[PDB]
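These notes are about the structure you will find just below.
Because the Cβ atoms are built from the backbone with ideal geometry, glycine has one as well, and the counts that use them run over all protein chains shown. Basis: the model, the stated rules and, where named, an outside source; no laboratory read-out is quoted.
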């Protein structure tokens, strides 16, 4: 069988940069290579076939080169919408794929806009309280979210989720959800979300008082 | 143009059979200038071609060695579809499954893909989500931006889809990846930021659809107890 290996596994580049990603076949495949672009929650999209032929409907900033065992995909001028995982695939034999290269956009620092949401009265009726902290449209990805309940730092009772990089502004958003029983929730007054991020001069706290 | 529409259950019990269908529009399953494929994607399998069917005055199949003993891909010339059957599934079979067209035999890449079907191999039962509003404080709107959302909690299996105002509102929407809770049920939130000035002229509704349980919930999200149909205090 044929092994396809991509390098690097991931990269970060600025808008307008020339980006090159490589794909190595374990044996010669001549020109029997395709490149795909895959955006979050979507099927892979064919960009190049026969190593260097541009697929219909794909922008000319994408180009493929190479032959034999060593292939390259070049994006001449990286655009924010080009955030994706790119895959190569051989079709000399039984359609094997490379492991993908994740391309992320490097941009200027952007502080998150922070919002805190109390649990709904409807959820409280059911016996549980979910408290949500939203960090909206920030860059870079690295952020620290700490929960405080009546000024006591919380541990092990929250879960975070982060969006994939935005296709227009190249930012991330993050949710942190603090889950408590209704009884634990009603035993306390002040619910606070403390956010640390490079774009903030000091940590930002959003809070509410129960009731 | 050619379109591929996938269907079939996204939950299969361990040891049982996964069954999916790919419906073709704009081409024929029996085309002598195409081949019809199934390809899956997961952290354990990466992108993995599973097999193909194609007609050249006779039906032909090819299956990947990894699944050859358990797979069947059959054409339906009445419905213009092709199926995927994978027997005796295990948790290693949990993946997003795609159908795809290859011009000719596939020697020019796979140009047309279906939307994908997430198939989860689990003994757990389907459960529809509870949907709660994420209503911001009146104070948090003073900066010109209001963040609103919906918490989509305690469902199984993935996925859920969330739209806003029946798909009319897309700008500023962020639907987060789901997290698996200690209960073994998923939870996610979907948020949108809008101008604060719109909170009293525009209505915001999240439309949640969990296809495995046929659950559809449309939750209005606004910040006034005065006008409530059901009064308290």
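Which of the residues that make up the stretch A:166-194 are part of a strand (DSSP E or B) and either away from chain B (no Cβ under 14 Å) or on the phi > 0 side of the Ramachandran plot (or both)?
A:194
Yes/no per residue for (1) under 21 Å from residue A:90 (Cβ atoms); (2) within 14 Å of chain A (Cβ to nearest Cβ); (3) buried (at least 18 other Cβ atoms within 10 Å of the Cβ); (4) in contact with a helix residue (DSSP H, G or I) (Cβ under 7 Å, 6 or more places away or on another chain):
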site: B:3; (1), (2), (3), (4): no, yes, no, no
site: B:21; (1), (2), (3), (4): no, no, yes, no
site: B:32; (1), (2), (3), (4): no, no, no, no
site: B:38; (1), (2), (3), (4): yes, yes, yes, no
site: B:63; (1), (2), (3), (4): yes, yes, yes, no
site: B:69; (1), (2), (3), (4): no, no, no, no
site: B:89; (1), (2), (3), (4): no, no, yes, no
site: B:93; (1), (2), (3), (4): no, no, yes, no
site: B:96; (1), (2), (3), (4): no, yes, yes, no
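So, in the stretch B:122-156, exactly how many residues are more than 9 Å from chain A (Cβ to nearest Cβ), more than 18 Å from residue A:130 (Cα to Cα), assigned to a loop (DSSP other than H, G, I, E, B) and out of contact with any helix residue (DSSP H, G or I) (no Cβ under 6 Å at 6 or more places or on another chain)?
6
Which residues, counting only those in the stretch B:157-193, are surrounded by 20 or more Cβ atoms within 10 Å (Cβ to Cβ) and either in a strand (DSSP E or B) or over 15 Å from the mean Cα position of the chain (by Cα) (or both)?
Those that are surrounded by 20 or more Cβ atoms within 10 Å (Cβ to Cβ) and either in a strand (DSSP E or B) or over 15 Å from the mean Cα position of the chain (by Cα) (or both): B:162, B:164, B:174, B:175, B:186, B:187, B:188, B:189, B:190, B:191, B:192, B:193.
Among the strands (runs of 3 or more DSSP E) lying completely within the stretch A:21-127, list those that include at least 2 residues that are more than 10 Å from every other protein chain (Cβ to nearest Cβ) and within 17 Å of the chain's Cα centre (by Cα).
Here the list reads A:84-90, A:101-106.
Can you go through A:57, A:16, A:64 and tell me which one is within 29 Å of residue B:97 (Cα to Cα), surrounded by fewer than 14 Cβ atoms within 10 Å (Cβ to Cβ) and either out of contact with any helix residue (DSSP H, G or I) (no Cβ under 8 Å at 6 or more places or on another chain) or not assigned by CATH to the domain that holds residue A:95 (or both)?
A:57
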